[PDB]
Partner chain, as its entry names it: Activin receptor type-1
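We begin with a single chain expressed as structure tokens, specifically the form deposited without its partner chain.
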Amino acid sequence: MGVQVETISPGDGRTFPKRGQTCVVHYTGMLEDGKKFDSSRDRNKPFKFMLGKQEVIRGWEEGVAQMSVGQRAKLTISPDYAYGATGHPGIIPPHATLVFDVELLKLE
């Protein structure tokens, strides 16, 4: 499958990221069993990426583009939109479905 976006808290419902904009997000990344492997919240510093430059997994590019500013959403991402068959040794196993809790704080 692709990426599924499920709302946790609504945003403004009007402002969606366009290609080339910088998205400022807080996120927590979990394996499908619920094990956390990465979180900007634990570092207390938001994560920024430019939409359309493939600095993040494909599931993020397509998923965050469906969020409005201020929204918190749960992204469920199949391995082809993620780290695939290879995964990431010792962090992400092969063929891993990933779950992301993502809050879109602002656009720059």
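Take the two forms, superpose them, and find the largest set of C-alpha atoms that agree within 1.5 Å; that set is the rigid core. Residue numbers count along the first chain shown, from 1.
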Core-aligned CA RMS in 4 other deposited structures of this protein: between 82 to 90 and 95 to 103 the higher one is 82 to 90
Per the PDB entry, mean CA B-factor is higher for 41 to 49 or 54 to 62, namely for 41 to 49
As the entry reports it, the stretch among 96 to 104 and 17 to 25 with higher mean C-alpha B factor is 17 to 25
Can you tell me whether residue 31 has a C-alpha B-factor in the lowest, middle or highest third compared with the other modelled residues of the same chain? highest
CA B-factor placement of residue 11, once the chain's modelled residues are sorted into thirds: lowest
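One more form of this protein exists, namely the form deposited with its partner chain bound; it is left out here, but the text below deals with it.
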At 4.5 Å, heavy atom to heavy atom, what parts of 24 to 62 sit next to its partner chain in the deposited complex? List them in sequence order, or say none. 27, 37, 38, 42, 43, 45, 47, 48, 54, 55, 56, 57, 60
